[PDB]
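These notes are about the structure you will find just below.
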2 protein chains.
Amino acid sequence: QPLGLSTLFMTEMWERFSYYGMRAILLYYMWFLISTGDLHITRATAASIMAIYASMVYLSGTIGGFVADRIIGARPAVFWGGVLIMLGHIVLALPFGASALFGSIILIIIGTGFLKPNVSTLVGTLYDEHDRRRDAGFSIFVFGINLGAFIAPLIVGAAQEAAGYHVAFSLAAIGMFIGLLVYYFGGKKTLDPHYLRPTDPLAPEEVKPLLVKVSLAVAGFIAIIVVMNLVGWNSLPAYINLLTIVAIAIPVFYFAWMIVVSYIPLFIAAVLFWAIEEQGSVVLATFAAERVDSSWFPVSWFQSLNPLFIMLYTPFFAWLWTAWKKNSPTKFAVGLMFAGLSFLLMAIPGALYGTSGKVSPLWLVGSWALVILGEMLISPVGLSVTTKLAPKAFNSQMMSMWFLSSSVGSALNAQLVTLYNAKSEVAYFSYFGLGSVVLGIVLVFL
Amino acid sequence: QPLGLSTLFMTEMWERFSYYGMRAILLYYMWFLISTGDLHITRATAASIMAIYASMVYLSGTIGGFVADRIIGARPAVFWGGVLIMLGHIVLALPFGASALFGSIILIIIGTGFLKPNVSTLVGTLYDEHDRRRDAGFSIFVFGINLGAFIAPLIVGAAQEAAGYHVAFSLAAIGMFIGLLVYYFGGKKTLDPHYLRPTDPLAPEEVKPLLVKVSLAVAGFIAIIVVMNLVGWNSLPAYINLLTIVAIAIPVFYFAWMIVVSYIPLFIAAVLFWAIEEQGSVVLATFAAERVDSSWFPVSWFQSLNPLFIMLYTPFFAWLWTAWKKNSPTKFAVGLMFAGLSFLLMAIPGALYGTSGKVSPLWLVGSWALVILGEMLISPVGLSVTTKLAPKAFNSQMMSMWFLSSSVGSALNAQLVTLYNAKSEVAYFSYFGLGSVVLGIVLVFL
């Protein structure tokens, strides 16, 4: 049965290398278009795009599951999803115009929406309810994503610094090619036919509610574009707010529709937690160029620390996460305390300015290290804490709320990140990180 | 100046990826053609080819230097060299016929002949005689090579086992396209014009001796093919002997032409040392499938140990190789003793058969570990020991004799390897490894 684990290892390594390779250098590329004059956008808005790009991928992740579970196959969803992503990178590498370089994002939103959630669904299917076994392959899949994400800026950064951003994006598109090249030819001799639509693939009972969302949400969203365009003109950063509004509306509408007092601070904490994870790929990435020298090594290589620490903390955290259980909700409170404490290390050097020689990059190393301590205290238990409270409030669209925290955390960043880019108003951005420790201590109480 | 180091790092990272990657699975691929009936060759001859493939690459390495130093540029030699390798891997990926899958070898012989020696010449070139600096970049180059070599089986073997050999090879073919894609566009902004023929690019003084070798060696070799064909027919493994004869003749003719009693055992020791390094990619690779189980993990992943140990031994060997100098030729004697002692670990389990459960793969792990201890005692000092004895016997074609030891060591294996493949006559192959310790103790005396 777990042979396809090693096909899916290649598929997600070769996908995530694509996604986290280009993601690392994309902000710096937008900066470069902006300097060339090809992209008529502010560096604060360019850095905001970076946050939306994450929320729309994570919003489309929800849609990708139910597209593949009720209309098209899980195998073809990952294939076409991956081939859209593969072409999305080709848009950056081959086309040069900022207009084409926006279409890139649209493909990587749709593509990753389909791929990432279904390729994960396909790991669970390797194991036909092999109770013990089933978790191991899911942990070995997690490795392929960390190996994949870690090794991406090491190659892709070295690529755009040594040769063009276009070669780098071409190398990232190459990467995705391998995900597919393996997957298709490796899936045929592995993939148990989840190549068709599983439960529920209904015909007359689903024709009505499917075509309702085509003329209610899609046509309703198209009307809001015409309202905002006739209001004035093509408002460039107000479309970002529209996307931030939709990313906050969907969970809030599902929160008010279904309805609890204990889950609100857990949901806000989760949303506030992922606002630091994706902020490390933007604000801290800006900072890595701003108040950090790189005389010989690239700046993109700071993005490879996020996975480096995950794949190193996990084994040390496995044995630590065993003895304390003798001496679940407590773990969630410790996580946001580490997220806020780690962000506090940016105001400290920023105010003190106590450095000399080459004593500086490690202040960013320690922040990552301390952010990943927060991930280890929330990513494994957050799945079970949401499932433990679901039977009381009916498990239907409650399990989806945990995955959607990353979409609202990065939709917060859309508008939050803009404050850091002020450059002079930078110390107050890390001062807001104290609020995370204050809001984190409220969970320690409960 | 050292920016191009980071282009040449990724060039040789992505070349050694292509080369050492496919090399790992190629024996198992020939076995597969043989089983399918596409390749009419014995597994002993199929395994012999594997050894010639190494000697002809290393023979063409000598030719590649003087082609690029006297007729064409070092940059274009590295470029076109890699393009042949890139075509070469498409031969295995795209064509399916064993005839076409032989043409593969011809391209990777020519290609690696040009690329590998000039890309190394191009690292030294970066540093315009930057005395201290010059060695560091050469050590950072060595890393890319080990990183490149290590990571290839981990991706290519997982690809050949999960999906087709053509995909696995297709992967190597992408791997080389990266080599160039980056190198050409890296080069353009990093390469100080060594894009033309350096000293000696003579015109009338070189037209005569160049066209002499076209009608003396090349036409003389073409006559030997017609002699061997008319003798009987297309002798399949006697062409291997012809190639073994040429690989032993060139250094022996240069040994008798120029002429010493102290260098013969150092040369034989070097030739006998590399006969164990390349034998690990064939005999031990056969063994990894024969008396070693692989229930979950691939067999090609044993080839990734060779570099793994090099990149781990180097730092531990750096501090060890400092204090002993207070308490050069001695180091050469310790190296061949570790080569022979490490090969002795194959007869031990082969005769004793003392194993149970999953207690077995580590007997192959320790042999590699102990072979690389021998590499660390010979690869760094062998360059200086040959150069220390060169001014006494004139430094002209004496410096080339050290690089040619790998060509004669793998040309010995051509005929040596055939004895292991007997399967029943296997314990005597590791018994010959005692002879290396006996011949190694003769150097301890001197």
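Naming works like this for the structure tokens: A, B, ... for the chains as they're shown, residue 1 at the start of each chain, ligands 1 onward in shown order.
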
Inset, instruction - Find the residues in chain B near chain A: any atom within 12 Å counts, using only C-alpha atoms. Write them as number ranges by chain. - result: B: 1-11, 13-14, 137, 144, 147-148, 151, 154-191, 295-298

Inset, instruction - Quick one: pick out all alpha helix (DSSP H) residues within segment 45-247 of chain A from a backbone DSSP run and write them as a ChimeraX atom specification. - result: /A:45-70,74-93,100-126,133-162,165-187,204-213,219-231,238-247

Legend entry - Given only C-alpha atoms as the counted atoms, nearest of A:233, A:114, A:338, A:221 to residue 79 of chain A: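 Among the listed residues, A:114 lies closest to residue 79 of chain A.
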
Inset, instruction - One decimal, Å: what's the distance from atom CA of residue 218 of chain B over to atom CA of residue 45 of chain B, could you say? - result: 25.4 Å

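The shell of residues at most 7 Å from segment 199-211 of chain B, with only C-alpha atoms counted and near chain neighbours (fewer than 3 positions) removed, consists of residues 69, 70, 71, 214 and 215 of chain B.
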
Legend entry - Atomic distance atom CA of residue 316 of chain B - atom CA of residue 149 of chain A, expressed in Å with one decimal: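 Result for atom CA of residue 316 of chain B versus atom CA of residue 149 of chain A: 28.9 Å, one decimal.
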
Which polymer residues have any atom within 10 Å of an atom of segment 427-436 of chain A, counting only C-alpha atoms, with same-chain residues fewer than 3 positions away left out, as a short mmCIF file (atom, residue, chain, number, x, y, z; two decimals) with C-alpha atoms, in the first residue's frame?
```
data_model
loop_
_atom_site.label_atom_id
_atom_site.label_comp_id
_atom_site.auth_asym_id
_atom_site.auth_seq_id
_atom_site.Cartn_x
_atom_site.Cartn_y
_atom_site.Cartn_z
CA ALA A 269 -5.44 33.31 18.40
CA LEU A 272 -3.31 35.97 14.90
CA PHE A 273 -0.80 33.04 14.88
CA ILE A 276 3.12 35.87 12.01
CA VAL A 283 7.87 41.83 6.62
CA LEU A 336 0.73 32.35 20.72
CA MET A 337 3.00 33.43 23.65
CA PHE A 338 6.06 32.19 21.60
CA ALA A 339 4.66 33.92 18.43
CA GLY A 340 4.42 37.31 20.20
CA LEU A 341 7.73 36.87 22.12
CA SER A 342 9.61 36.02 18.88
CA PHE A 343 8.20 39.13 17.10
CA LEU A 344 9.39 41.20 20.14
CA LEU A 345 13.04 40.53 19.01
CA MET A 346 12.61 43.08 16.10
CA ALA A 347 11.94 46.21 18.24
CA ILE A 348 14.85 45.28 20.65
CA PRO A 349 17.75 45.61 18.12
CA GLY A 350 15.74 48.27 16.23
CA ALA A 351 15.74 50.53 19.33
CA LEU A 416 -1.38 44.95 8.64
CA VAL A 417 1.88 44.59 6.55
CA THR A 418 1.29 48.11 5.01
CA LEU A 419 2.16 49.68 8.43
CA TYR A 420 5.72 48.11 8.55
CA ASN A 421 6.59 49.36 5.03
CA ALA A 422 6.43 52.95 6.44
CA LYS A 423 10.22 52.34 7.20
CA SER A 424 10.32 55.20 9.79
CA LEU A 439 -3.89 38.38 23.95
CA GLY A 440 -2.00 35.06 24.45
CA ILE A 441 -2.07 35.43 28.27
CA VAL A 442 -5.94 35.73 28.05
#
```

Legend entry - Computed interatomic separation between atom CA of residue 62 of chain A and atom CA of residue 113 of chain A (Å):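 Calculated distance between atom CA of residue 62 of chain A and atom CA of residue 113 of chain A is 7.2 Å.
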
Can you pull out every residue within 8 Å of segment 356-369 of chain B, counting only C-alpha atoms, but drop anything in the same chain fewer than 2 positions away, and send it as a tab-separated table (two decimals) with N, CA and C atoms, in the first residue's frame?
```
chain	number	residue	atom	x	y	z
B	280	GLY	N	32.76	0.64	-5.85
B	280	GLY	CA	31.64	0.87	-4.94
B	280	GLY	C	30.36	1.23	-5.68
B	284	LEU	N	29.83	-3.28	-5.25
B	284	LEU	CA	29.08	-3.05	-4.03
B	284	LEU	C	27.62	-2.71	-4.37
B	288	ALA	N	24.50	-4.58	-3.05
B	288	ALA	CA	23.39	-3.88	-2.39
B	288	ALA	C	22.03	-4.48	-2.78
B	292	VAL	N	21.49	-7.82	0.48
B	292	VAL	CA	21.00	-6.69	1.29
B	292	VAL	C	19.52	-6.46	0.93
B	293	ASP	N	18.62	-6.52	1.93
B	293	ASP	CA	17.19	-6.26	1.70
B	293	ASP	C	16.92	-4.75	1.62
B	302	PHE	N	22.33	3.71	-1.68
B	302	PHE	CA	23.63	3.32	-1.15
B	302	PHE	C	24.71	4.14	-1.87
B	305	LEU	N	25.93	7.43	-0.19
B	305	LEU	CA	26.80	7.36	0.99
B	305	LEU	C	28.19	7.84	0.66
B	306	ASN	N	28.73	7.45	-0.52
B	306	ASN	CA	30.06	7.90	-0.97
B	306	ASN	C	30.26	9.43	-0.73
B	309	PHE	N	29.63	10.75	3.29
B	309	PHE	CA	30.80	10.60	4.16
B	309	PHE	C	31.89	11.63	3.83
B	342	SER	N	38.62	-1.84	4.46
B	342	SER	CA	37.19	-1.61	4.23
B	342	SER	C	36.58	-2.64	3.27
B	343	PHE	N	37.36	-3.11	2.29
B	343	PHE	CA	36.92	-4.14	1.33
B	343	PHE	C	36.89	-5.51	2.01
B	345	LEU	N	35.58	-6.13	4.85
B	345	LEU	CA	34.26	-6.30	5.49
B	345	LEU	C	33.19	-6.98	4.61
B	346	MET	N	33.51	-7.41	3.37
B	346	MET	CA	32.56	-8.10	2.49
B	346	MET	C	32.72	-9.63	2.60
B	349	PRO	N	31.06	-10.99	6.59
B	349	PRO	CA	29.66	-11.41	6.68
B	349	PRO	C	29.32	-12.49	5.65
B	354	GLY	N	26.41	-14.25	9.97
B	354	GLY	CA	25.85	-13.96	11.29
B	354	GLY	C	24.94	-12.75	11.30
B	371	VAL	N	36.03	3.32	3.46
B	371	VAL	CA	36.65	3.62	2.16
B	371	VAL	C	36.92	5.14	2.11
B	372	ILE	N	35.94	5.98	2.54
B	372	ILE	CA	36.11	7.44	2.52
B	372	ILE	C	37.20	7.90	3.50
B	373	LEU	N	37.48	7.14	4.58
B	373	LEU	CA	38.62	7.49	5.44
B	373	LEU	C	39.91	7.39	4.58
```

Legend entry - Residues near segment 397-408 of chain B, cut-off 7 Å, only C-alpha atoms, skip fewer than 5 positions along chain, as a ChimeraX atom specification: /B:55,58-59,247-248,251,267,270-271,274,383,386-387,390

Legend entry - Nearest to residue 279 of chain B by atom-to-atom distance, counting only C-alpha atoms, from B:330, B:235, B:384, B:303: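 Of the candidates, the smallest distance to residue 279 of chain B is held by B:303.
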